[PDB]
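First, one chain by itself in structure tokens, the form deposited without its partner chain.
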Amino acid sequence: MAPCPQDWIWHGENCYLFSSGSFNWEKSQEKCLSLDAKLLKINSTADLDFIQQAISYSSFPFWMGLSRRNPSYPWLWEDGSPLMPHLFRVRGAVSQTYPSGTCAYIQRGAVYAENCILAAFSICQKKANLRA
């Protein structure tokens, strides 16, 4: 009965689509919405394993809904939920402050912090339609 749109990957209770263009974290966050969705939010390890597997045959950077203004602020998913501990370790430019803030992206397996103005791909998601 179509749990999800064509061109999307269906997993568990969510669906994923891979960012066509390569823009800053903001445009990436907009585009996910225009498609009635939100940037990737990892809740479990299985989630991480699903994604990594889905981009293992790549080496480009993909944006996720994790970010912050500066180190005095914690890492928060778009919806405001914190980064559940023991999921992965954020690396990269973890000790800085940029006008646009800091945003985490996953690449070749690991997660990295970075200046959100810098363009990159991303992953979007939205609950799977399970109503026949």
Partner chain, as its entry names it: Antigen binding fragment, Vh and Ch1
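Numbering follows the first chain given and starts at 1.
As for the form deposited with its partner chain bound, it is not shown, yet the points below apply to it.
- Residue contact with its partner chain in the deposited bound form: residue 98 places a heavy atom within 4.5 Å of it.
- Using a 4.5 Å cutoff between non-hydrogen atoms, residue 33 does not count as a contact of its partner chain in the deposited bound form.
- Looking at residue 60, you'd find a heavy atom of it within 4.5 angstroms of its partner chain in the deposited bound form.
- Using a 4.5 angstroms threshold between heavy atoms, residue 84 stays clear of its partner chain in the deposited bound form.
- Taking its partner chain as it sits in the deposited bound form, the stretch 91-110 comes within 4.5 angstroms of it through a non-hydrogen atom at 91, 92, 93, 96, 98, 105, 107, 108.
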